[PDB]
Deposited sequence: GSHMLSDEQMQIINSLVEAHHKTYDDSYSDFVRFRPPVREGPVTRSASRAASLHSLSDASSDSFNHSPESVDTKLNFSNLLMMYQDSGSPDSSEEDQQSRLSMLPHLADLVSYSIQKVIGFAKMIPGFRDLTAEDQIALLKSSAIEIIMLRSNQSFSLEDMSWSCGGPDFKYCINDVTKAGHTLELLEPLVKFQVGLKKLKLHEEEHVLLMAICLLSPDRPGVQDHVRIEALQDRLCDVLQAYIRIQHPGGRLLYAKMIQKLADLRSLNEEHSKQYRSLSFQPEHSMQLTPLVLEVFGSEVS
């Protein structure tokens, strides 16, 4: 049975997610419009840049994150941002569609669309397969937000100083998640192990995105299509 403290953590993570995932997708009309080889890059760079702002907002409300040093906060967001975006995008992904549905018809994204932004199928094929594997787990929203927080608060990320402080934060969240699944998720005996495997999947996806981003960022006619916030977060400065 979960304690009040463990329950307060769940409450605060759910509220944080609800404050920064917009189910109406109303901001997408603000992006440079989609065009359907690099024709989707303006739209999808704007989309990812928007999502980064949402991940930053979410992170700032994870209990303990804001007390870390500014350097550790930056280090955790720079290495985990693409992973959190992939994770949080599962709530618009559909097994029936194999697509991300974000409101209107202009903002439904195939595999055909997302291969038109400078990235190839060696990133996009594992990403789609990760989405369906994750969707099939049928996570409660409590499990979904806990996984995002655990992913964000991984101490084995380049640039973090206070390893022990953030590992302590992560272990607390892991404890919450294991107890949640045991008490509240019928048939979830194997679920925690599968969720941890998805964290490994994300590391692999992160590596492939980072390798391919280096190609874009070295071609100035492509990098000039990105946003300042994307250049900062996926850039190599320390």
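Mapping the modelled residues onto the deposited sequence reveals missing stretches at 1 to 3, 40 to 99, 302.
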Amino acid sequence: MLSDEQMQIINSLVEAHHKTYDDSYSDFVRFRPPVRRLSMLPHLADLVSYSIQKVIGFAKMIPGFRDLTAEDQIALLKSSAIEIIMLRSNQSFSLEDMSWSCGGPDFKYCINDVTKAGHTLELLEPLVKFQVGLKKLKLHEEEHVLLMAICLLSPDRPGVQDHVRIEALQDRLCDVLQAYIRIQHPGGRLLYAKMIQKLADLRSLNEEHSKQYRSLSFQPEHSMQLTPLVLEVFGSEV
From here on, numbers count along this sequence of modelled residues.
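Between two forms, the rigid core is the largest collection of C-alphas that superpose within 1.5 Å.
Rigid core fits of the other structures in 8 other deposited structures of this protein place the C-alpha atoms of one stretch farther away on average; of 100 to 108 and 151 to 159, that stretch is 100 to 108.
Fitting each structure in 8 other deposited structures of this protein onto the rigid core and averaging C-alpha distances over structures and residues, 111 to 119 emerges as the more displaced of 111 to 119 and 139 to 147. Mean C-alpha B-factor is higher over 106 to 114 than over the other stretch, the pair under comparison being 81 to 89 and 106 to 114.
Looking at 130 to 138 and 160 to 168 together, the entry lists the larger mean B-factor for 160 to 168, computed on C-alpha atoms. Ranking 30, 36, 203, 211 by the C-alpha B-factor listed in the PDB entry places 36 at the top. When the Cα B-factors of 54, 182, 43, 60 are read from the PDB record, 182 comes out highest. Among the modelled residues of its chain, residue 124 has a C-alpha B-factor that falls in the middle third according to the deposited record.
In the deposited entry, the Cα temperature factor of residue 75 sits in the middle third of values across the chain's modelled residues. In this PDB entry, residue 176 carries a Cα temperature factor that places it within the highest third of its chain's modelled residues. For residue 219, the recorded CA B-factor ranks within the middle third of the chain. Only modelled residues enter the ranking. Residue-level temperature factors show residue 152 in the lowest third of its chain, judged at the C-alpha atom.
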